[PDB]
2 protein chains.
Amino acid sequence: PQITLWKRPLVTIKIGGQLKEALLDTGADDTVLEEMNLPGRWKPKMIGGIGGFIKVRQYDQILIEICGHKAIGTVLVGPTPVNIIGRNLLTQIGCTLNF
Amino acid sequence: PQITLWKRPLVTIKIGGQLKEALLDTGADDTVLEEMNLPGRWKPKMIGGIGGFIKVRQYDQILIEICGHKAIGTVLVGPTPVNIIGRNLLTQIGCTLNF
Ligand SMILES: CC[C@H](C)CN(C[C@@H](O)[C@H](Cc1ccccc1)NC(=O)O[C@H]1CO[C@H]2OCC[C@H]21)S(=O)(=O)c1ccc([C@H](O)CO)cc1
C-alpha cells in the first residue's frame with residue numbers, strides 16, 4: 001500500500017504466532033519490540049537511541065509478518081517505549097520513501 | 001524521488017541559514033535537530049525514546065527546506081545525536097511509505 005504520514009504509520013505484525021501493533025520507523029536501523037516471550041536462542045546486546053543505551057535480547061532469523069508481508073531477520077526485545085519496525089525489516093518487505 | 005532503505009535515509013536540509021544532514025524519520029511525530037542557537041522565543045519540552053528522555057527547546061513556525069521542498073512547522077532543538085525530520089514536516093513535502 002501507499003501510507004501517508006498524517007497519522008503514525010502503525011501496522012499489525014505477526015511474530016511468534018502472536019499479533020501485535022508496531023510502528024514503521026525509517027529512522028531505526030533495527031527492529032525493537034517491547035518485552036515479550038519468544039521461542040529460540042538469544043544473545044545479550046546493547047542499543048542506543050535518542051536518550052541513551054538499553055539492554056536487549058537479540059533474536060536472529062526470526063519469522064515476522066508485517067502488514068501481510070513476510071520477513072525473516074533480527075528482532076531485538078527490551079524496554080523500548082514503542083514497538084518499532086526498523087530498516088533491517090523494512091527493506092525485506094520492499095518499503096521505500098517517496099516524495 | 002524514491003529513497004530505498006538499505007542505508008539511513010539522510011538528506012540535506014536548510015534551516016536558520018545553515019545546511020545540515022537529517023534523517024527522514026517516519027517513526028518521529030515531531031522534528032528534532034542538533035543543538036543550534038536559533039533566534040526567537042521557545043518553550044521547554046522533554047521527549048522520550050530508547051534510552052530515556054532528553055530536554056529540548058520547542059521553536060514554532062520555523063522555515064526548513066528538505067531536498068528543495070519548503071516546509072514550515074515546529075522544530076525541537078536539543079542534544080540529539082542525529083537530526084530527525086518527523087511527520088509534522090514529512091507530510092508537508094508529500095512524503096509517503098510504499099511497499
Ligand atoms: C518511540 C519510537 C521511536 C524510538 C522514536 N524515535 C525516532 C526513531 O526513528 C529513532 C531516531 C533515532 C534516535 C537516535 C539515534 C539514531 C536514530 N530511531 C531509533 O531509536 O532506532 C534505534 C533502533 O535502531 C537503531 O538505529 C538508530 C538508533 C536505534 S526518537 O528519536 O527517540 C523520538 C521520540 C519522541 C519524538 C516526539 O515527536 C517529540 O515531540 C520524536 C523522535
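Keep in mind that the numbers below use all heavy atoms, side chains included, and drop hydrogens, waters and symmetry copies. A, B, ... follow the sequence lines: proteins, then strands. Residue 1 opens every chain.
Pairing each heavy atom of A/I50 with each of B/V32, the nearest pair is CD1-CG1, 4.2 Å.
By the 6.0 Å contact criterion, CD on B/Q2 is enclosed, its count of non-hydrogen atoms from other residues, nucleotides or ligands being greater than 12.
Neither the backbone nor the side chain of A/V82 comes within contact range of chain B; no heavy atom of the residue lies under 4.5 Å from a heavy atom of that chain. Looking at A/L24, both its backbone and its side chain come within 4.5 Å of chain B, counting heavy atoms on both sides. Interface remark: B/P81 contributes side-chain atoms only to the contact with chain A (heavy atom separation under 4.5 Å).
The pair B/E21-B/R8 does not count as a salt bridge, with every side-chain nitrogen at least 4.0 angstrom from each carboxylate oxygen.
The aromatic rings of B/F99 and A/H69 sit perpendicular to each other, their planes meeting at more than 60°, with 30° as the lower class boundary.
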